[PDB]
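Chemist: Chains as they are written, first to last, in our numbering: chain A, 5 to 436; chain B, 138 to 588; chain C, 41 to 426; chain D, 182 to 219.
For every residue, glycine included, the Cβ atom is placed at its ideal position computed from N, Cα and C.
The structure is given below, and queries will be raised subsequently.
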Amino acid sequence: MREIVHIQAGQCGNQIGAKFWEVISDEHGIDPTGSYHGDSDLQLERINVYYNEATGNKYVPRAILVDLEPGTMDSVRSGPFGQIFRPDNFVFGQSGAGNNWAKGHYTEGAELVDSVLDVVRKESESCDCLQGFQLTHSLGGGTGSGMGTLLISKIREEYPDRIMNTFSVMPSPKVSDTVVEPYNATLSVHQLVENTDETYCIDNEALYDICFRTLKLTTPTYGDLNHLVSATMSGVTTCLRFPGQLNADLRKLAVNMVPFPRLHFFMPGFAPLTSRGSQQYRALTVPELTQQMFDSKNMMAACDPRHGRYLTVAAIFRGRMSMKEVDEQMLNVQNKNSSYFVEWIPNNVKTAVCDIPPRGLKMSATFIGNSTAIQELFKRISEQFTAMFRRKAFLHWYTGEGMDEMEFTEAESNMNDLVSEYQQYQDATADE
Amino acid sequence: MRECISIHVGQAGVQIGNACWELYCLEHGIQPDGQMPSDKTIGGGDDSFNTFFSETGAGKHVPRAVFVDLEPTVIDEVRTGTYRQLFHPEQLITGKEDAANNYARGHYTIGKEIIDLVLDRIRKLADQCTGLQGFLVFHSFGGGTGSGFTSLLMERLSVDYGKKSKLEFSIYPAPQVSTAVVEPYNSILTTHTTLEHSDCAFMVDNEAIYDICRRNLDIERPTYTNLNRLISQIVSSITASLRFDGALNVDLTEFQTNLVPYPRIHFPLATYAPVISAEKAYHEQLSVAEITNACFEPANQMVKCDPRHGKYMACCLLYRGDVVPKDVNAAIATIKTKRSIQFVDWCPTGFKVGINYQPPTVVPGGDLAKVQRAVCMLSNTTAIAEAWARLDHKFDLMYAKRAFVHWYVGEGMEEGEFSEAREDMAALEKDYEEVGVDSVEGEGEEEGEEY
Amino acid sequence: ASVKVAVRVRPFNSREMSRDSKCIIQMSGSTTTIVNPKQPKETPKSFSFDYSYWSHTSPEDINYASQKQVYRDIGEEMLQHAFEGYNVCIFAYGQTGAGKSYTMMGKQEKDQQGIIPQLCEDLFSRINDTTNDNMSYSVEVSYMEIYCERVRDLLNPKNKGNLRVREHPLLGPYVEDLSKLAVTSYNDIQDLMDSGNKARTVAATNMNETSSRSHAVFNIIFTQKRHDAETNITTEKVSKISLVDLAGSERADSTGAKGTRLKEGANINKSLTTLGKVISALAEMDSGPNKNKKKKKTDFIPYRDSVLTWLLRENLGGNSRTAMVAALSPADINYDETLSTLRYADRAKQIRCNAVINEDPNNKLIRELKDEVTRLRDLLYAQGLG
Amino acid sequence: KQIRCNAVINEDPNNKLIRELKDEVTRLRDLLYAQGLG
Ligand SMILES: CC(=O)O[C@H]1C(=O)[C@@]2(C)[C@H]([C@H](OC(=O)c3ccccc3)[C@]3(O)C[C@H](OC(=O)[C@H](O)[C@@H](NC(=O)c4ccccc4)c4ccccc4)C(C)=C1C3(C)C)[C@]1(OC(C)=O)CO[C@@H]1C[C@@H]2O
Ligand SMILES: Nc1nc2c(ncn2[C@@H]2O[C@H](COP(=O)(O)OP(=O)(O)OP(=O)(O)O)[C@@H](O)[C@H]2O)c(=O)[nH]1
Ligand SMILES: Nc1ncnc2c1ncn2[C@@H]1O[C@H](COP(=O)(O)OP(=O)(O)NP(=O)(O)O)[C@@H](O)[C@H]1O
Ligand SMILES: Nc1nc2c(ncn2[C@@H]2O[C@H](COP(=O)(O)OP(=O)(O)O)[C@@H](O)[C@H]2O)c(=O)[nH]1
Ligand SMILES: [Mg+2]
Ligand SMILES: [Mg+2]
């Protein structure tokens with residue numbers, strides 16, 4: 005029985021995880037107190053993917069909460085679903101990292117990593133057949149990035165055969181909230197490229213653009229961003245929980261999407277999104293979902309796919325629909341946009357179909373792309389990195405905690421090598 | 138428990154402390170006698186926030202404050218005032234003469250025999266504290282006590298505690314206005330301690346605050362009470378991130394991680410945007426864009442220096458009240474397109490943002506209008522060099538003839554602590570000039586290998 | 041300088057003798073012929089290499105190559121290159137249970153010793169013989185293994201931890217906290233070699249009783265100094281001698297692996313597959329820019345896909361002179377595998393290195409300017425202007 | 182009798198040698214190109 009251990013780090017990861025546990029909990033029908041009050045018989049069939057079973061017919065999510073500032077933990081406990089989590093999994097300390105990756109990875113997090121790994125081992129030992137992990141955190145921050153990278157390294161050291169997923173929120177061109185985001189982002193990306201099987205890219209700029217242009221909201225908050233992201237996470241792993249005409253495990257996505265080991269940075273997307281005003285106009289059907297999934301403005305990474313090529317894509321549909329229509333639409337998308345797909349991967353579109361849609365919708369779809377345009381994002385960070393590293397803008401904070409220029413240099417070189425490895429396949433006309 | 142210990146030195150320090158503690162008592166619903174009837178009316182809570190106040194068994198709340206001065210007058214005004222029962226009876230006041238606008242008198246002769254008691258009480262306060270974040274030292278350049286005793290206390294604290302942050306709020310001498318003939322000497326002699334030992338020093342000017350009061354609040358005849366209240370608002374905006382919940386919380390370490398590129402350039406300016414009278418509170422929207430733009434106006438600066446003559450090195454915005462991230466993002470985006478505001482080429486991000494839900498409070502008898510939104514900006518720039526240079530000139534005009542020097546040497550110093558300080562000022566100005574220069578053109582001179 | 045290529049065929053073992061023992065490999069001069077056992081009508085496909093070696097029969101003289109023969113031909117040449125001041129490498133290749141341990145290490149108790157002992161002994165003899173008042177020599181040793189994408193040190197005492205691979209900005213990849221031991225005599229380095237061979241991870245399979253389970257890299261850092269109180273520069277030359285023994289590719293059906301022995305093999309195959317790509321990639325690039333026009337626009341080599349290719353970034357290409365020794369199996373049943381090795385060997389000679397090796401760039405600039413001054417002064421003197 | 186002290190400067194021998202050799206190379210090249218020998 006496949007099931008997932010869940011880890012949350014930092015403020016962004018903690019909040020996204022809280023919202024995610026509210027969404028999954030609806031689909032499966034779980035009371036905030038922990039009891040089950042569903043209506044369908046298929047909600048409890050595979051509930052063990054996320055939830056352990058307690059004595060009194062309760063269900064406890066298999067989540068791990070990590071931070072160095074206690075305050076966020078309180079915000080989780082004093083909330084709509086604060087009592088659902090078991091208190092033993094609230095692992096935290098004091099004197100947070102303060103947006104310093106060195107404190108998160110080397111000085112402060114090195115003490116709390118033992119306790120976090122203890123709780124992770126305790127959860128993973130009880131697993132019937134542990135599939136893999138998934139971590140939510142922010143690369144541009146402090147405790148989140150550092151402790152996420154450290155935990156990822158330790159877990160890959162101890163569990164080499166299991167899947168290691170990751171949902172990362174990285175910096176943006178215009179949206180910036182810390183002065184030292186490039187250093188943290190560069191070091192985090194250097195750590196992630198080695199020790200991770202899948203990494204979904206999320207950008208606040210793309211989510212705000214979706215909210216303003218697609219959903220037409222006027223005053224979006226972080227709740228809406230968490231809503232979209234949690235919808236994506238629930239969309240990714242639908243097939244482990246519910247039956248379908250053609251299933252798609254996590255390993256199937258990993259195999260079909262990753263041509264070479266270092267190219268595992270994905271662009272996610274979700275459909276439909278209708279703004280609550282145009283819901284009565286559009287007809288809902290497979291062609292509409294196909295059109296919305298591949299639209300450039302619907303992506304969550306703020307990287308235009310038209311500036312590169314799609315190495316691979318995966319489409320996970322939820323709902324009762326015909327397979328012939330899905331296959332025809334995917335073939336049409338391949339054929340019409342002939343110049344945005346690579347010429348040495350015939351039929352580079354993975355397809356999955358699940359028969360149980362979300363509770364309020366007749367149809368839905370999730371899109372996981374893998375394209376060269378992601379290089380742009382890395383290039384941007386690299387540019388900013390140089391602009392601070394050449395003069396050593398803030399390096400004394402990092403070197404005071406037990407680092408040196410050599411780690412910065414090797415991280416920058418690794419990032420540049422990854423950026424070069426994407427471009428290779430980016431240009432057309434492989435001959436000269 | 139995000140505990141912070143406040144130290145007040147000199148008359149300016151004690152009066153700013155009076156304003157600050159009035160605002161703190163009003164913020165958390167603490168009465169002047171230390172009781173909090175809010176918990177009794179409600180039933181219980183965490184309203185006795187451990188940042189500033191320590192709760193005893195009987196429901197009383199003692200502030201984490203340390204008042205120091207050499208004159209009995211300034212603190213005897215507090216021992217028999219409205220807040221006489223709030224503070225602990227121990228107030229560390231030497232029943233003798235004062236430093237008398239003399240750095241030497243406050244550092245060497247009379248600063249002794251009072252430093253030991255002060256350090257003992259600071260240790261007693263620190264022992265009660267768990268997870269102490271740092272210190273907040275209030276004083277004033279140009280005074281004997283606030284220069285010499287502050288120097289001695291900072292030196293001893295750096296020796297003892299070391300790794301704890303030590304923020305500084307100080308009143309710099311104005312360019313034209315002054316209240317003493319020997320202000321430049323005392324101001325210059327404190328550079329060694331304000332540089333080597335402090336982690337971040339915030340400077341304010343009385344002329345700038347008087348201009349702000351005259352122009353914005355329409356107060357034609359302000360006194361020091363208004364200035365102290367404005368400074369109290371600034372400090373509360375700084376410290377609110379670790380007392381109340383918010384969308385993005387900024388601790389005192391994120392401050393130093395984001396604002397100071399190098400150890401020797403930790404002198405950021407500060408400013409408060411929605412400084413407006415009650416009558417003018419109407420006829421205005423007071424949106425995020427308006428206050429954020431007003432933070433960058435040279436007229437609103439709290440130090441007499443023009444940011445247009447320098448370059449912005451780092452910025453930290455701290456918002457309070459009904460604010461949302463997207464308005465702040467739009468404000469930063471429209472700010473980045475203005476050519477009058479120049480950032481150093483080696484800090485492309487250039488902004489740190491924090492948001493807190495608690496809106497600012499209104500002190501009865503005050504002059505600031507009640508508002509829904511507010512923002513405090515702290516900006517590390519290179520224009521501050523000008524604020525040193527003028528003062529440096531003044532120092533020379535008195536040291537060429539060795540005027541007023543016999544008072545200083547008659548208390549323990551020699552003339553070399555009077556040059557060493559000048560050379561340190563010169564080196565600091567050279568550093569500030571060097572950091573702001575644009576990167577040399579294609580900083581690897583030029584490049585381009587074969588292909 | 042192009043990569044040097046040697047190939048060698050071994051005799052029959054027990055597995056070959058029990059099953060069909062039909063030979064397919066023939067050798068003549070520099071030419072190696074392989075014949076398809078399934079298609080005798082087909083062409084006898086053949087490959088021309090820099091060196092080929094026939095170790096099938098010892099009494100006869102049909103180009104028979106003892107250990108000393110291959111050692112003279114490759115290792116002595118590469119050692120002479122090292123004395124001139126060039127970083128140098130010899131690495132083995134092929135399939136499981138062919139010839140790597142025999143060729144590089146050999147049987148210590150027997151006279152048929154591998155390349156590494158003979159290179160070390162000749163190096164020690166040469167440094168001891170050529171010692172002089174002005175000349176002086178120093179040598180240092182290290183020996184590491186790659187087990188499952190993890191580096192371990194053999195010469196050091198028991199260290200359960202795994203070392204960390206790092207990147208110096210100028211000198212490229214290296215292994216941090218690697219026990220670099222100073223040595224002074226042939227007996228001491230021989231003892232280090234014996235301890236290192238003992239410390240390696242070896243397991244038994246159907247294909248070979250002593251199937252290696254981990255790649256191995258043996259590094260010798262050599263320093264050549266010339267002392268003069270007037271003009272000469274001390275530490276005239278520094279060289280790195282790298283002997284690499286790679287675990288060969290395996291097939292699960294014939295190997296009979298299960299459990300851990302399977303998993304190890306999988307990692308080994310991964311570490312080989314990437315390596316093959318790198319070789320192929322490298323070849324095409326150093327074939328293309330050299331022959332096509334000279335464009336040198338951009339070519340990516342997947343060095344980082346494995347730690348083995350990462351550590352040998354300077355060895356497979358760049359700042360070293362490299363030799364590749366391929367091991368063959370004469371068994372007919374092995375044909376479909378054996379030919380594969382030859383194909384990569386046929387591409388291995390296409391690779392071209394770029395090695396110059398200097399030291400103390402301040403001295404480099406000073407020497408360049410002084411030589412320019414001397415040349416210009418000589419020109420002026422010859423033409424009557426000096 | 183307060184008098185200007187100036188800065189005592191001791192250049193590196195390596196930089197001095199490099200600069201002198203570069204100047205010598207330039208001078209000798211300008212001599213050789215002049216007599217049409219380059
Ligand atoms: C159809 C109808 O009458 O109401 C819809 C609706 O109007 C629309 C606009 C919904 C609505 O979504 C939003 O307004 C929204 C706002 C900010 C961020 C994200 C969404 C809806 O709120 C969202 C809500 O979604 C669900 O109920 C799904 O099951 C969703 N779960 C949750 O939203 C949820 C939130 C908190 C607690 C429990 C469940 C989900 C989505 C993917 C995977 C799993 C679950 C639905 C159907 C609707 C409303 C209520 C208007 C849409 O959202 C989703 C995810 O369905 C917007 O794009 C779709 C299109 C729908 O037509
Ligand atoms: N903003 C503000 N500044 C003040 C206040 N009181 C004093 N100052 C400043 O302090 C300077 C004088 O130095 P003081 O700090 O008063 O010196 P002291 O603390 O009394 O110590 P002694 O010189 O020994 O008496 C003046 O130039 C003022 O500008 C105040 O209440 N508010
Ligand atoms: N040319 C040869 N002459 C004599 N004996 C040989 C020859 N080649 C190999 N052998 C022996 O045959 C066996 C297999 O060789 P061996 O060198 O152990 O394979 P291998 O190269 O180590 N394969 P692996 O270690 O898994 O990468 C050993 O006992 C060798 O001593
Ligand atoms: N999507 C989303 N992003 C967030 C949220 N909170 C913070 N962030 C992002 O995270 C970054 C700050 O990282 P932070 O959470 O402070 O890292 P930490 O200090 O290690 O916990 C900012 O650039 C924000 O864009 C949130 O609720 N949702
Ligand atoms: Mg006084
Ligand atoms: Mg072997």
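1. In chain order, what are the residue ranges of uninterrupted alpha helix (DSSP H) at least 4 long that sit wholly in the stretch 88-133 of chain C?
2. Give a yes or no on whether the C-beta atoms belonging to residue 190 of chain B and residue 174 of chain B are separated by under 8 Å.
3. Using a Cβ cut-off of 7 Å, pull out every chain A residue sitting near residue 490 of chain B, in sequence order please.
4. Can you confirm whether residue 385 of chain B, when its beta carbon is compared against all beta carbons of chain A, has any partner nearer than 8 Å?
5. Taking 7 Å as the cut-off, is the CB of residue 306 of chain A close to at least one heavy atom of ligand 4?
6. Taking CB distances under 8 Å as the criterion, tell me whether residue 413 of chain A reaches chain C.
7. In terms of residues, what are the limits of the alpha helix (DSSP H) holding residue 154 of chain B?
8. Could you list which residues in chain C have their beta carbon closer than 9 Å to that of residue 425 of chain A, in chain order?
9. Does any heavy atom of ligand 6 sit closer than 7 Å to the C-beta of residue 285 of chain C?
10. In chain D, which residues lie with their C-beta within 8 Å of the C-beta of residue 425 of chain C?
11. Output, in sequence order along the chain, the residues in the stretch 262-276 of chain A whose CB is closer than 9 Å to any CB in chain C.
12. Are any of the Cβ atoms in chain C nearer than 8 Å to that of residue 205 of chain D?
13. Starting from residue 407 of chain B, trace the beta strand (DSSP E) both ways and give me its first and last residue.
14. Name, going along the chain, the residues of the stretch 200-226 of chain C whose beta-carbon falls closer than 8 Å to a beta-carbon of chain A.
15. Suppose only complete runs of 3+ residues qualify. What are the beta strand (DSSP E) ranges in the stretch 198-271 of chain A, listed by chain order?
16. For ligand 8, I want to know if residue 113 of chain A counts as a neighbour, meaning its beta carbon is within less than 7 Å of at least one of the ligand's heavy atoms.
17. State yes or no: is the C-beta of residue 193 of chain D nearer than 7 Å to some heavy atom of ligand 5?
18. Closest by CA to residue 214 of chain B, which one among B:185, B:155, B:253 and B:188?
19. Have a look at C:184, C:182, C:167 and C:183 and flag the residue whose alpha-carbon is nearest the alpha-carbon of residue 176 of chain C.
20. Across which residues does DSSP place residue 280 of chain C in a beta bridge pair?
21. In whole angstroms, what is the alpha-carbon distance linking residue 333 of chain A and residue 238 of chain A?
22. Mind listing, in chain order, the continuous beta strand (DSSP E) runs of no fewer than 3 residues lying wholly within the stretch 277-350 of chain C?
23. Checking 8 Å against the spacing of the C-beta atoms, do residue 316 of chain A and residue 349 of chain A come in under that value?
24. Taking a cut of 9 Å between CB atoms, which residues from the stretch 169-200 of chain A lie near chain B?
25. Considering only residues of the same chain and omitting the five flanking positions on each side of residue 316 of chain B, which have a CB-CB separation below 6 Å?
26. Using the beta-carbon count (16 or more within 10 Å), is residue 431 of chain B buried or exposed?
27. Thinking C-alpha only, which one of A:244, A:174 and A:188 is nearest residue 109 of chain A?
28. Apart from the five residues just before and just after residue 70 of chain C, which ones in its own chain have a Cβ nearer than 8 Å to its Cβ?
29. Mind listing the chain A neighbours of residue 390 of chain B? Cutoff is C-beta to C-beta under 7 Å, in chain order.
30. What three-state label does DSSP hand residue 169 of chain B in the structure shown?
31. Taking 7 Å as the limit between beta carbons, can you name the residues of its chain near residue 115 of chain C, skipping five residues before and five after?
32. What's the gap between the Cα of residue 450 of chain B and the Cα of residue 195 of chain A?
33. Can you give the Cα-Cα distance for residue 394 of chain C and residue 415 of chain C, rounded to whole angstroms?
34. Should residue 452 of chain B and residue 520 of chain B be called a contact, given that it needs their Cβ atoms to be closer than 8 Å?
Modeler: With the structure as the only source:
1. 107-110 and 117-123
2. no
3. 181
4. yes
5. no
6. yes
7. 147-164
8. 340, 342 and 344
9. yes
10. 212, 213, 216 and 218
11. 264, 265 and 266
12. yes
13. 406-409
14. 206, 207, 208 and 209
15. 203-206
16. Ligands displayed in this structure: ligand 1, ligand 2, ligand 3, ligand 4, ligand 5 and ligand 6; ligand 8 is not among them.
17. no
18. B:155
19. C:167
20. C:261
21. 24 Å
22. 277-285
23. yes
24. 175, 178, 179, 180, 181, 182, 183, 184, 185 and 186
25. none
26. buried
27. A:188
28. 88, 89, 90, 91 and 92
29. 102
30. coil
31. 130, 155, 158 and 159
32. 29 Å
33. 27 Å
34. no
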